[PDB]
Amino acid sequence: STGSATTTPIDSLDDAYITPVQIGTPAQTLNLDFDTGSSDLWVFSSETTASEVXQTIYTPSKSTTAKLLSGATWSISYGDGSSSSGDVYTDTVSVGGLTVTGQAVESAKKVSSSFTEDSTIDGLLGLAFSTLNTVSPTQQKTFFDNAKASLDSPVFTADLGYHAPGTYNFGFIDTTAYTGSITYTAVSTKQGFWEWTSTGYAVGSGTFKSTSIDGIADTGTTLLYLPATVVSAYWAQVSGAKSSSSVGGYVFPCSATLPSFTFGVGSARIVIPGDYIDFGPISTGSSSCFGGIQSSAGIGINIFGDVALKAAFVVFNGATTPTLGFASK
Ligand SMILES: CC[C@H](C)CNC(=O)CP(=O)(O)[C@H](CC(C)C)NC(=O)[C@H](Cc1c[nH]c[nH+]1)NC(=O)[C@H](Cc1ccccc1)NC(=O)OC(C)(C)C
């Protein structure tokens with residue numbers, strides 16, 4: 001079997017992307033944030049504290065196929081300080097025509113203020129390795145792990161758009177969605193992420209520096225976070241750019257024509273256009289814009305988030321020894 005679903009930006013800045021998911025019998029359709037940096041499928045529900053709901057909710061008592069997982073609870077927090085917690089059902093879950101039976105669906109009893117405040121996101125669908133799942137006492141498998149037995153190939157692909165709709169595919173590689181060939185690179189699962197080592201970088205039309213950069217492929221993070229010396233070399237080529245203590249990163253004039261940024265995948269090269277690195281104005285009508293490349297010093301890990309991934313066709317190969325592929329598009 002295979003599945004194919006459309007993913008859409010939530011707002012005019014590409015802050016995040018939503019994808020429809022069918023849960024239960026008859027199907028209840030929710031719009032979820034597909035996140036390769038975490039491993040929980042959790043939803044707003046009929047159980048969520050009513051003052052913390054502003055979203056479409058899942059009602060397990062209206063689904064003939066829902067089963068309570070007795071004794072099981074969950075609790076998660078993210079790098080931006082957001083959090084949620086609750087109890088666990090198993091139910092039928094479909095994405096893009098691909099159906100999985102027995103999937104763990106984590107029903108929120110409570111959500112943090114940043115989730116209440118975002119009307120467009122009805123929950124998360126995690127796609128990192130199942131060792132990061134927060135269900136206790138026994139961790140639960142991701143939607144991808146449960147689908148692998150039936151899929152035509154144990155793979156999924158991410159094709160995110162720049163201010164435009166895109167695609168998540170399960171079980172096949174669409175050879176019409178990219179240019180050139182895919183280059184594959186080794187993955188370490190020791191921290192539970194799609195973790196890999198880039199071979200180096202170049203700024204604009206300058207020289208490629210061979211310096212190893214260990215980082216993660218993370219569809220749930222908006223920006224590209226890289227070492228302080230690398231980020232300083234990029235903004236040195238932008239004449240109005242400066243670090244702002246009060247705004248929280250590099251800022252520059254919205255009228256600038258920014259240089260591209262190239263990262264290495266083995267011997268291959270992925271080019272992020274300069275326009276993708278202009279995140280947008282600090283407020284509507286400002287002359288100052290926030291940068292899409294920022295230092296990873298305060299995070300402690302390098303993160304290839306949406307600014308980087310939307311410049312590529314990305315293959316998440318979930319064979320027993322996993323690998324990560326990148327192609328130009
Ligand atoms: C088991 C626990 C895991 C290890 C947790 N994993 C993570 O925290 C990484 P993530 O990609 O799953 C997680 C998902 C979010 C939906 C909360 N992302 C994050 O926590 C990162 C911050 C981060 C990452 N790493 C360190 N800090 N947040 C972000 O990047 C949010 C995303 C967002 C925007 C709009 C609406 C919803 C969500 N954007 C954001 O803060 O953007 C600006 C910097 C421009 C203001």
# chains A, B, ... in the order shown; residues from 1 in each chain; ligands from 1
>>> closest_atom_pairs(of="region 142-170 of chain A", to="region 203-223 of chain A", cutoff="12 Å", atoms="only C-alpha atoms", output="JSON lines")
{"residue": "A:157", "atom": "CA", "partner": "A:219", "partner_atom": "CA", "distance": 11.5}
{"residue": "A:158", "atom": "CA", "partner": "A:219", "partner_atom": "CA", "distance": 8.6}
{"residue": "A:159", "atom": "CA", "partner": "A:219", "partner_atom": "CA", "distance": 10.5}
{"residue": "A:160", "atom": "CA", "partner": "A:219", "partner_atom": "CA", "distance": 9.0}
{"residue": "A:168", "atom": "CA", "partner": "A:219", "partner_atom": "CA", "distance": 11.4}
>>> closest_atom_pairs(of="chain A", to="ligand 1", cutoff="8 Å", atoms="only C-alpha atoms and all ligand atoms", output="tab-separated table")
residue	atom	partner	partner_atom_place_in_ligand_line	distance
A:10	CA	ligand 1	36 (C)	7.8
A:15	CA	ligand 1	34 (C)	4.6
A:16	CA	ligand 1	35 (C)	5.1
A:33	CA	ligand 1	16 (C)	6.9
A:35	CA	ligand 1	12 (O)	5.8
A:36	CA	ligand 1	11 (O)	6.9
A:37	CA	ligand 1	12 (O)	4.3
A:38	CA	ligand 1	12 (O)	4.5
A:39	CA	ligand 1	1 (C)	6.5
A:40	CA	ligand 1	1 (C)	7.8
A:76	CA	ligand 1	2 (C)	6.1
A:77	CA	ligand 1	2 (C)	6.0
A:78	CA	ligand 1	8 (O)	3.3
A:79	CA	ligand 1	27 (N)	3.5
A:80	CA	ligand 1	20 (O)	4.1
A:81	CA	ligand 1	20 (O)	6.8
A:82	CA	ligand 1	17 (C)	6.0
A:83	CA	ligand 1	17 (C)	7.9
A:114	CA	ligand 1	37 (C)	7.8
A:115	CA	ligand 1	37 (C)	7.4
A:118	CA	ligand 1	36 (C)	6.6
A:121	CA	ligand 1	37 (C)	7.4
A:124	CA	ligand 1	16 (C)	7.1
A:126	CA	ligand 1	12 (O)	7.7
A:132	CA	ligand 1	1 (C)	5.0
A:133	CA	ligand 1	1 (C)	6.3
A:134	CA	ligand 1	1 (C)	6.6
A:218	CA	ligand 1	11 (O)	5.4
A:219	CA	ligand 1	11 (O)	6.2
A:220	CA	ligand 1	11 (O)	3.5
A:221	CA	ligand 1	30 (O)	3.5
A:222	CA	ligand 1	30 (O)	4.2
A:223	CA	ligand 1	30 (O)	6.2
A:279	CA	ligand 1	45 (C)	7.4
A:290	CA	ligand 1	45 (C)	8.0
A:292	CA	ligand 1	45 (C)	7.9
A:299	CA	ligand 1	26 (C)	5.3
A:301	CA	ligand 1	25 (N)	7.8
A:303	CA	ligand 1	25 (N)	7.1
A:305	CA	ligand 1	30 (O)	7.6
>>> write_last_selection(atoms="N, CA and C atoms", output="short mmCIF file (atom, residue, chain, number, x, y, z; two decimals), in the first residue's frame")
data_model
loop_
_atom_site.label_atom_id
_atom_site.label_comp_id
_atom_site.auth_asym_id
_atom_site.auth_seq_id
_atom_site.Cartn_x
_atom_site.Cartn_y
_atom_site.Cartn_z
N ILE A 10 0.57 27.33 7.74
CA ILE A 10 -0.51 27.80 8.60
C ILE A 10 -0.75 29.32 8.48
N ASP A 15 5.39 29.66 9.33
CA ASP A 15 5.84 29.32 10.69
C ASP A 15 5.79 27.81 10.96
N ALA A 16 4.79 27.12 10.36
CA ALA A 16 4.58 25.68 10.48
C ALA A 16 3.68 25.20 9.35
N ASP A 33 0.31 18.85 12.88
CA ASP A 33 1.72 19.26 12.55
C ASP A 33 2.63 18.04 12.50
N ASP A 35 5.90 16.10 12.50
CA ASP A 35 7.13 16.59 13.21
C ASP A 35 8.20 15.48 13.30
N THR A 36 9.24 15.57 12.38
CA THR A 36 10.34 14.60 12.40
C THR A 36 11.33 14.78 13.60
N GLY A 37 11.11 15.79 14.46
CA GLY A 37 11.89 16.02 15.71
C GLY A 37 11.22 15.53 17.02
N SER A 38 10.08 14.81 16.93
CA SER A 38 9.46 14.20 18.13
C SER A 38 8.70 12.93 17.70
N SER A 39 8.12 12.18 18.69
CA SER A 39 7.64 10.82 18.42
C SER A 39 6.28 10.50 19.06
N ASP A 40 5.46 11.54 19.36
CA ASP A 40 4.09 11.38 19.93
C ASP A 40 3.04 11.86 18.89
N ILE A 76 4.72 15.60 27.62
CA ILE A 76 5.81 16.03 26.71
C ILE A 76 6.06 17.55 26.89
N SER A 77 7.35 17.94 26.70
CA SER A 77 7.71 19.37 26.59
C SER A 77 8.72 19.52 25.39
N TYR A 78 8.64 20.72 24.79
CA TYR A 78 9.38 21.01 23.56
C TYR A 78 10.43 22.12 23.83
N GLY A 79 11.33 22.31 22.82
CA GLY A 79 12.45 23.28 23.03
C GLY A 79 12.04 24.72 23.27
N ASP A 80 10.86 25.07 22.73
CA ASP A 80 10.33 26.44 22.94
C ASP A 80 9.57 26.61 24.27
N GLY A 81 9.57 25.54 25.11
CA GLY A 81 8.95 25.54 26.45
C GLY A 81 7.48 25.15 26.45
N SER A 82 6.84 24.83 25.32
CA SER A 82 5.44 24.39 25.24
C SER A 82 5.32 22.95 25.77
N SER A 83 4.06 22.53 26.17
CA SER A 83 3.85 21.20 26.80
C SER A 83 2.37 20.75 26.71
N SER A 114 0.73 28.37 24.49
CA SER A 114 1.08 28.53 23.05
C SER A 114 0.21 27.64 22.13
N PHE A 115 -0.19 26.44 22.57
CA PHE A 115 -1.11 25.57 21.78
C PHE A 115 -2.55 26.17 21.75
N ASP A 118 -2.92 28.99 19.13
CA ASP A 118 -2.81 28.71 17.71
C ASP A 118 -3.98 27.91 17.17
N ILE A 121 -3.74 24.53 14.49
CA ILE A 121 -3.04 23.24 14.79
C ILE A 121 -3.90 22.48 15.83
N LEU A 124 -0.22 17.10 17.07
CA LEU A 124 1.08 16.76 16.46
C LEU A 124 1.04 15.29 15.99
N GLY A 126 4.14 12.74 15.40
CA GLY A 126 5.61 12.57 15.48
C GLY A 126 6.11 11.47 14.53
N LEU A 132 11.89 7.95 21.51
CA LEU A 132 11.60 9.26 22.14
C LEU A 132 10.09 9.39 22.58
N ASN A 133 9.24 8.38 22.30
CA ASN A 133 7.80 8.47 22.68
C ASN A 133 7.66 8.61 24.20
N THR A 134 6.69 9.46 24.66
CA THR A 134 6.57 9.75 26.12
C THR A 134 5.53 8.90 26.88
N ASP A 218 14.56 18.29 11.10
CA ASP A 218 13.43 18.58 12.05
C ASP A 218 12.31 19.43 11.40
N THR A 219 11.24 18.76 10.86
CA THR A 219 10.16 19.48 10.19
C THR A 219 9.30 20.33 11.16
N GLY A 220 9.39 20.07 12.48
CA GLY A 220 8.65 20.83 13.50
C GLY A 220 9.35 22.12 14.03
N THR A 221 10.56 22.44 13.48
CA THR A 221 11.29 23.69 13.84
C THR A 221 11.28 24.62 12.60
N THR A 222 10.98 25.92 12.80
CA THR A 222 10.80 26.84 11.68
C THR A 222 12.14 27.20 10.93
N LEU A 223 13.20 27.55 11.76
CA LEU A 223 14.44 28.16 11.23
C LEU A 223 15.62 27.13 11.09
N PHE A 279 13.03 35.72 6.74
CA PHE A 279 11.85 35.14 7.44
C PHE A 279 10.62 36.02 7.37
N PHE A 290 13.55 39.70 10.32
CA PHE A 290 14.26 38.68 11.13
C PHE A 290 14.94 37.66 10.20
N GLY A 292 16.52 34.07 8.79
CA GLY A 292 16.14 32.67 8.81
C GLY A 292 17.26 31.67 9.22
N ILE A 299 20.65 26.51 22.07
CA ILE A 299 19.98 25.22 21.93
C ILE A 299 20.85 24.01 22.28
N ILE A 301 22.38 22.08 20.06
CA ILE A 301 22.37 21.14 18.94
C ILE A 301 22.10 21.91 17.64
N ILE A 303 20.25 22.46 14.08
CA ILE A 303 18.88 22.02 13.63
C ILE A 303 18.65 22.48 12.18
N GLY A 305 15.98 22.91 10.22
CA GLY A 305 14.50 23.11 10.24
C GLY A 305 13.93 23.50 8.88
#
>>> select_by_dssp(residues="region 20-171 of chain A", states="strand (DSSP E)", output="ChimeraX atom specification")
/A:20-23,28-35,41-43,67-77,83-95,98-111,123-126,155-159,166-170
>>> residues_around(residues="residue 87 (chain A)", least_positions_apart="6", cutoff="7 Å", atoms="only C-alpha atoms", output="NGL selection string")
:A and (72-74 or 106-108)
>>> closest_residue(among="A:187, A:68, A:293, A:272", to="residue 241 (chain A)", atoms="only C-alpha atoms")
A:293
>>> closest_residue(among="A:69, A:289, A:155, A:307", to="residue 320 (chain A)", atoms="only C-alpha atoms")
A:155
>>> atom_distance(atom1="CA of residue 147 (chain A)", atom2="CA of residue 97 (chain A)")
12.1 Å
>>> residues_around(residues="residue 59 (chain A)", least_positions_apart="2", cutoff="12 Å", atoms="only C-alpha atoms", output="compact mmCIF listing (two decimals) with N, CA and C atoms, in the first residue's frame")
# COMPACT_ATOMS: atom_id res chain seq x y z
N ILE A 23 -9.23 10.05 11.90
CA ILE A 23 -9.12 9.25 13.12
C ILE A 23 -10.51 8.64 13.45
N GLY A 24 -10.57 7.29 13.65
CA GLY A 24 -11.82 6.67 14.13
C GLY A 24 -12.79 6.21 13.07
N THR A 25 -13.95 5.65 13.53
CA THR A 25 -15.01 5.12 12.68
C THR A 25 -16.40 5.62 13.17
N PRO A 26 -17.20 6.42 12.41
CA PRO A 26 -16.81 7.03 11.13
C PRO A 26 -15.62 8.03 11.32
N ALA A 27 -14.89 8.29 10.24
CA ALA A 27 -13.68 9.16 10.30
C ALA A 27 -13.97 10.54 10.89
N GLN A 28 -13.12 11.04 11.80
CA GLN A 28 -13.08 12.44 12.30
C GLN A 28 -11.79 13.06 11.71
N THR A 29 -11.94 14.12 10.89
CA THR A 29 -10.75 14.73 10.24
C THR A 29 -10.20 15.91 11.09
N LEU A 30 -8.89 15.82 11.48
CA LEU A 30 -8.14 16.86 12.25
C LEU A 30 -6.92 17.30 11.38
N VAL A 43 -3.60 14.78 20.30
CA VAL A 43 -4.69 15.60 19.75
C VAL A 43 -5.45 16.36 20.86
N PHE A 44 -5.95 17.58 20.47
CA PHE A 44 -7.08 18.19 21.22
C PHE A 44 -8.29 17.21 21.24
N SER A 45 -9.04 17.16 22.36
CA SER A 45 -10.05 16.11 22.50
C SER A 45 -11.26 16.60 23.33
N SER A 46 -12.33 15.78 23.35
CA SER A 46 -13.45 16.00 24.31
C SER A 46 -12.99 15.96 25.78
N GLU A 47 -11.80 15.44 26.08
CA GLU A 47 -11.24 15.43 27.45
C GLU A 47 -10.49 16.71 27.84
N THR A 48 -10.12 17.54 26.85
CA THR A 48 -9.25 18.73 27.16
C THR A 48 -10.02 19.77 27.99
N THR A 56 -10.39 21.92 16.12
CA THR A 56 -11.25 20.75 15.95
C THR A 56 -10.78 19.64 16.94
N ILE A 57 -11.72 18.98 17.61
CA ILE A 57 -11.39 17.98 18.65
C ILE A 57 -11.79 16.57 18.20
N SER A 61 -15.61 8.61 22.31
CA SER A 61 -16.93 7.92 22.50
C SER A 61 -17.83 7.94 21.30
N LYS A 62 -17.46 8.70 20.20
CA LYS A 62 -18.19 8.64 18.93
C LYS A 62 -17.55 7.71 17.89
N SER A 63 -16.44 7.01 18.27
CA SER A 63 -15.72 6.12 17.34
C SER A 63 -15.94 4.65 17.75
N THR A 64 -16.53 3.85 16.84
CA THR A 64 -16.83 2.44 17.17
C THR A 64 -15.55 1.58 17.34
N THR A 65 -14.41 2.03 16.76
CA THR A 65 -13.11 1.30 16.80
C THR A 65 -12.15 1.79 17.91
N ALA A 66 -12.50 2.82 18.69
CA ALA A 66 -11.61 3.31 19.80
C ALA A 66 -11.56 2.32 20.99
N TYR A 89 -5.69 6.17 23.82
CA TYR A 89 -6.57 5.25 23.07
C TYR A 89 -5.76 4.57 21.96
N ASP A 91 -6.77 3.36 17.97
CA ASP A 91 -7.88 3.57 17.00
C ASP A 91 -7.30 3.41 15.57
N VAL A 105 -3.31 6.88 19.89
CA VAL A 105 -3.80 8.27 19.77
C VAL A 105 -3.81 8.85 21.21
N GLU A 106 -2.89 9.80 21.50
CA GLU A 106 -2.70 10.41 22.83
C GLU A 106 -3.68 11.58 23.00
N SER A 107 -4.69 11.40 23.89
CA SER A 107 -5.78 12.38 24.07
C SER A 107 -5.37 13.38 25.18
N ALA A 108 -5.32 14.70 24.84
CA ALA A 108 -4.88 15.73 25.81
C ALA A 108 -5.97 15.98 26.88
>>> atom_distance(atom1="CA of residue 130 (chain A)", atom2="CA of residue 296 (chain A)")
25.1 Å
>>> closest_residue(among="A:125, A:315, A:277, A:270", to="residue 199 (chain A)", atoms="only C-alpha atoms")
A:270
